[PDB]
Amino acid sequence: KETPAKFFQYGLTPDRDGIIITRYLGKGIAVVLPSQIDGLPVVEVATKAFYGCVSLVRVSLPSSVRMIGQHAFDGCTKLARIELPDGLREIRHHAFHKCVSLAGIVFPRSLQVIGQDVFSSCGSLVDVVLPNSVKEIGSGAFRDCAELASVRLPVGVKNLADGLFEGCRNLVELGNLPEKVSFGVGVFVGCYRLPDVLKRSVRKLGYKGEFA
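Along each chain, numbering proceeds from 1 in written sequence order. Entry numbering may differ, and residues lacking coordinates are not shown. To obtain the side-chain values, all non-hydrogen atoms of the structure were included, while hydrogens and water were left out.

- The protein is annotated in the PDB entry as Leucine-rich repeat protein TpLRR from Treponema pallidum.
- Each PDB entry has a title, and for this one the record gives "Crystal structure of T. pallidum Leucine Rich Repeat protein (TpLRR)".

See below:
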């Protein structure tokens with residue numbers, strides 16, 4: 001089905017083997033990012049490439065995409081579904097900032113890194129399951145996800161970064177909470193709905209910050 005290349009601006013990757021998508025020019029309701037342009041694989045969605053694309057409802061990325069750059073989908077206020085590739089390794093900071101219609105997202109088994117504030121103000125996001133491949137999660141990654149009810153952490157997670165769940169006033173379930181973990185500042189500020197058994201096991205792990 002792939003969206004034709006003429007709706008994208010792109011460059012070459014440093015080693016001349018892949019296409020970096022730098023801008024989406026169209027205004028369709030659905031983009032299927034081509035897996036290749038002129039025989040090269042599409043490996044990256046660059047900084048701000050879909051910035052402010054309020055028309056988009058669905059985005060499909062090919063398995064060749066390894067990287068989603070900073071603020072890539074910042075302001076895609078109608079984005080309701082995005083098919084992430086199994087090639088995806090990293091989502092840079094603010095990549096889905098203010099994607100207020102993103103109700104769910106399925107992370108691939110390849111995802112390594114989630115930058116700061118990636119789902120900041122994703123006010124429709126309900127469930128998130130972080131695969132065990134996820135080694136790095138930046139501060140504020142789920143800041144102001146006011147509808148976020150359930151988060152499953154990666155099994156080996158060593159720290160919960162600063163303000164990770166700040167403003168998650170509907171958060172009630174935190175799966176895969178480790179036997180030992182370090183807490184940044186204000187991890188659970190504004191999390192009014194955390195159950196008591198959860199709050200106690202978190203204090204027992206050593207959190208001294210605010211639950212509200």
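Here the narrative resumes.
## Here's the deal with the sheet that holds strand β6 (residues 58-60)
Then comes step 1: Pairing is parallel in the open sheet, where three strands are placed in the order β3-β6-β8. The sheet is open, and its two edges are formed by β3 (30-32) and β8 (81-83), each paired on a single side. This sheet shows a mean twist of 5 degrees between the axes of neighbouring strands, independent of strand direction.
Then comes step 2: Strand pairing is assigned whenever DSSP detects at least two bridges linking the two strands. Per the convention used, a helix needs a DSSP run of H or I reaching at least four residues, while a strand needs a run of E reaching at least two, with both numbered from the N terminus. One ladder, built from three bridges, connects β3 with β6; its direction is parallel. Following the sheet pairing, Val31 is matched in β6 by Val59. Note on geometry: axes are C-alpha line fits, over the in-contact stretch for helices, and angles between N-to-C directions span 0 to 180 degrees.

## Topic: unusual backbone geometry
Then comes step 1: Its identity is not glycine, yet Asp38 carries a phi of approximately 45 degrees, on the positive side.
Then comes step 2: As for its position among the elements, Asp38 is in the loop between β4 (36-37) and β5 (40-45).
Then comes step 3: Exposure categories follow from relative accessible area, calculated using a 1.4 Å probe and restricted to protein chains: below 20% of the type maximum is buried, above 50% is exposed, and the middle band is partly exposed. Overall, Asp38 belongs to the exposed group, its relative accessible area being 72%.
Then comes step 4: The phi torsion at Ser121 lies on the positive side, around 60 degrees, for a residue other than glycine.
Then comes step 5: Inspection of the secondary structure puts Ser121 in the loop between β10 (113-114) and β11 (127-129).
Then comes step 6: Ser121 gets classed as partly exposed once you look at its relative accessible area, which sits at 21%.

## Looking at the side chain of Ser139
Then comes step 1: Among the structural elements, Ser139 can be located in the loop between β12 (136-137) and β13 (150-152).
Then comes step 2: At 3.1 Å, the side chain of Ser139 forms a polar contact with the side chain of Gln116.
Then comes step 3: Beyond its immediate chain neighbours, meaning those up to four positions away, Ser139 contacts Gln116, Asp117, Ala161 and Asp162. Two N or O atoms form a polar contact when they lie within 3.5 Å of each other; inside protein one atom must be a possible hydrogen donor and the other a possible acceptor, and for residues adjacent in sequence the pair counts only when both atoms belong to side chains. In what follows, a contact means two residues having at least one pair of non-hydrogen atoms within 4.5 Å.

## Examining the environment of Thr22
Then comes step 1: Position of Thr22 relative to the elements: it lies in strand β2 (residues 19-24).
Then comes step 2: Non-local contacts of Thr22, meaning those with residues more than four positions away in its chain, are made with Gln9, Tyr10, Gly11, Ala46, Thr47 and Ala49.
Then comes step 3: Looking at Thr22, its side chain comes within polar contact range of the main-chain nitrogen of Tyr10, at 3.4 Å.

## Observations regarding the sheet that holds β13
Then comes step 1: Read across the open sheet, the three strands follow the order β11-β13-β15; overall the sheet is parallel. A single partner strand is all that each edge strand has here, and the edge strands are β11 and β15 (173-175). Going across the sheet, the axis of each strand differs from the next one's by a mean of 5 degrees, ignoring polarity.
Then comes step 2: With three bridges joining them, β13 and β15 adopt parallel strand pairing. Following the sheet pairing, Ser150 is matched in β15 by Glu173.

## Some points on the nonpolar core
Then comes step 1: Buried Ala, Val, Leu, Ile, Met, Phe, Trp, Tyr and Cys residues that are joined via side-chain atoms within 4.5 Å together make up what is termed a nonpolar core. Residues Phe50, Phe73, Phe96, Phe142, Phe165 and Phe188 are the most contacted members of the largest nonpolar core, which totals 66 residues.
Then comes step 2: Breaking this core down by element, the ones donating at least two residues are β2, β5 and α1 (196-204).
Then comes step 3: Those residues within four positions of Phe188 in sequence are excluded, and the remaining contacts are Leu160, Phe165, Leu174, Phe183, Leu194, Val202, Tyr207, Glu210, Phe211 and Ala212.

## Some thoughts on the environment of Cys99
Then comes step 1: Mapped onto the secondary structure, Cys99 falls in the loop between β9 (90-91) and β10.
Then comes step 2: Sequence separation of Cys99 and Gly123 is 24 residues, and the distance between their C-alpha atoms is 7.5 Å.
Then comes step 3: Ignoring any residue separated from it by four or fewer positions in sequence, one finds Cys99 in contact with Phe73, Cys76, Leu79, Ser121, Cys122 and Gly123.

## Some thoughts on the state of the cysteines
Then comes step 1: Put simply, a disulfide is two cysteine sulfurs that come within 2.5 Å. Tallied over the full model, the rule gives zero disulfides.
Then comes step 2: Looking at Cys99, it has no disulfide partner, and the nearest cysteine sulfur is the one in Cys122, 5.1 Å off.
Then comes step 3: Looking at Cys122, the relative accessible area reads 0%, which means it is buried.

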